Amino acid sequence: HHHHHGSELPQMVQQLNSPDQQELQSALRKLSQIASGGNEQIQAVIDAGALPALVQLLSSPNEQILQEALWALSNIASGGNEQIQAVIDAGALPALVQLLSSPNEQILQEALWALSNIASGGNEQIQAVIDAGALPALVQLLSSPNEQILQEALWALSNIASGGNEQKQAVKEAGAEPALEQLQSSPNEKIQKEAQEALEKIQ
């Protein structure tokens with residue numbers, strides 16, 4: 001069931017620019033929720049012009065606003081290829097890549113999730129993730145002592161690796177092979193499986 005009507009979206013979008021922080025968060029949450037409900041609903045959020053404002057919030061020093069903005073963007077990017085494309089065209093990628101070097105694990109997790117959603121699209125979507133410079137960051141993350149970070153980084157890398165030959169080649173050129181060859185021997189069963197599958201995708 002629809003919780004919100006289409007004629008309420010414009011108001012929510014305007015409120016992503018409120019100086020009132022509880023108004024802002026409230027609107028962030030509603031857009032997240034609507035965007036969680038399938039392609040038709042995601043499209044309504046995009047058509048209402050929510051993307052530009054969501055991307056602005058990605059540089060926020062307020063982790064509460066940041067987490068909800070990332071989550072909303074992840075939900076939008078979980079739709080169709082053209083919906084993922086809209087996220088890319090709105091300039092989300094530089095901000096997401098920047099967040100890959102965050103000392104905050106919770107932020108890291110949501111930026112990686114947004115990125116792997118984006119990288120689930122077509123070769124065009126994947127190439128934009130590569131072009132934005134995700135690969136050097138993702139590779140550096142592969143030598144983290146934190147298994148949860150590893151799993152998250154592998155999901156993104158594995159998705160990029162599901163692209164065409166150009167995309168697989170970029171993965172090889174960013175030096176991912178030796179790291180994936182190591183993690184293929186991981187005692188963590190989830191990491192081992194993802195690493196193996198990613199390695200096999202890039203031959």
# chains A, B, ... in the order shown; residues from 1 in each chain; ligands from 1
$ select_by_dssp --residues "stretch 8-121 of chain A" --states "alpha helix (DSSP H)" --output "count of residues only"
81
$ closest_atom_pairs --of "stretch 15-101 of chain A" --to "stretch 112-118 of chain A" --cutoff "6 Å" --atoms "only C-alpha atoms" --output "CSV"
residue,atom,partner,partner_atom,distance
A:74,CA,A:114,CA,4.3
A:77,CA,A:118,CA,5.5
A:78,CA,A:117,CA,5.5
A:84,CA,A:118,CA,5.7
$ residues_around --residues "stretch 29-32 of chain A" --least-positions-apart "4" --cutoff "8 Å" --atoms "only C-alpha atoms" --output "list in words"
residues 12, 25, 36, 45, 68, 69, 71, 72, 73 and 75 of chain A
$ write_last_selection --atoms "N, CA and C atoms" --output "mmCIF file, in the first residue's frame"
data_model
loop_
_atom_site.group_PDB
_atom_site.id
_atom_site.type_symbol
_atom_site.label_atom_id
_atom_site.label_comp_id
_atom_site.auth_asym_id
_atom_site.auth_seq_id
_atom_site.Cartn_x
_atom_site.Cartn_y
_atom_site.Cartn_z
ATOM 1 N N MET A 12 8.117 17.606 0.190
ATOM 2 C CA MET A 12 9.245 16.877 0.783
ATOM 3 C C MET A 12 10.585 17.293 0.183
ATOM 4 N N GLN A 25 15.124 16.042 8.356
ATOM 5 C CA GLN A 25 15.232 14.610 8.642
ATOM 6 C C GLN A 25 13.926 13.873 8.350
ATOM 7 N N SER A 36 11.855 2.906 -1.160
ATOM 8 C CA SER A 36 12.006 1.486 -0.830
ATOM 9 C C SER A 36 10.923 0.612 -1.466
ATOM 10 N N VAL A 45 9.969 9.719 -7.025
ATOM 11 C CA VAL A 45 10.973 10.472 -6.269
ATOM 12 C C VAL A 45 11.928 11.230 -7.205
ATOM 13 N N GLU A 68 20.905 8.879 6.396
ATOM 14 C CA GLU A 68 19.590 8.843 5.751
ATOM 15 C C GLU A 68 19.649 9.253 4.266
ATOM 16 N N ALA A 69 20.494 10.232 3.937
ATOM 17 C CA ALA A 69 20.710 10.626 2.538
ATOM 18 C C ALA A 69 21.330 9.479 1.721
ATOM 19 N N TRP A 71 21.150 6.247 2.496
ATOM 20 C CA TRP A 71 20.132 5.197 2.448
ATOM 21 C C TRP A 71 19.085 5.480 1.361
ATOM 22 N N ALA A 72 18.613 6.729 1.287
ATOM 23 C CA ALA A 72 17.670 7.137 0.245
ATOM 24 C C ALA A 72 18.262 6.889 -1.138
ATOM 25 N N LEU A 73 19.518 7.296 -1.309
ATOM 26 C CA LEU A 73 20.223 7.134 -2.571
ATOM 27 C C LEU A 73 20.467 5.677 -2.942
ATOM 28 N N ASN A 75 18.415 3.272 -2.093
ATOM 29 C CA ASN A 75 17.098 2.763 -2.504
ATOM 30 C C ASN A 75 16.760 3.138 -3.942
#
$ atom_distance --atom1 "atom CA of residue A:92" --atom2 "atom CA of residue A:55"
5.5 Å
$ atom_distance --atom1 "atom CA of residue A:83" --atom2 "atom CA of residue A:8"
20.6 Å
$ closest_residue --among "A:203, A:85, A:56, A:101" --to "residue A:136" --atoms "only C-alpha atoms"
A:101
$ residues_around --residues "stretch 47-49 of chain A" --least-positions-apart "5" --cutoff "8 Å" --atoms "only C-alpha atoms" --output "PyMOL selection string"
chain A and resi 9-10+13
$ atom_distance --atom1 "atom CA of residue A:121" --atom2 "atom CA of residue A:177"
22.6 Å
$ residues_around --residues "residue A:140" --least-positions-apart "2" --cutoff "10 Å" --atoms "only C-alpha atoms" --output "list in words"
residues 100, 101, 135, 136, 137, 138, 142, 143, 144, 153, 174, 175, 176 and 179 of chain A
$ closest_residue --among "A:57, A:33, A:1, A:186" --to "residue A:17" --atoms "only C-alpha atoms"
A:57
$ closest_residue --among "A:24, A:96, A:44, A:16" --to "residue A:58" --atoms "only C-alpha atoms"
A:96
$ residues_around --residues "residue A:104" --least-positions-apart "6" --cutoff "12 Å" --atoms "only C-alpha atoms" --output "list in words"
residues 61, 63, 66, 67, 110, 111 and 149 of chain A
$ residues_around --residues "residue A:164" --least-positions-apart "3" --cutoff "7 Å" --atoms "only C-alpha atoms" --output "list in words"
residues 123, 167 and 168 of chain A
$ write_last_selection --atoms "C-alpha atoms" --output "PDB file, in the first residue's frame"
ATOM      1  CA  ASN A 123      28.115  -1.697 -18.328  1.00  0.00           C
ATOM      2  CA  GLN A 167      35.200  -3.302 -16.905  1.00  0.00           C
ATOM      3  CA  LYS A 168      36.998  -6.561 -15.983  1.00  0.00           C
TER       4      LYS A 168
END
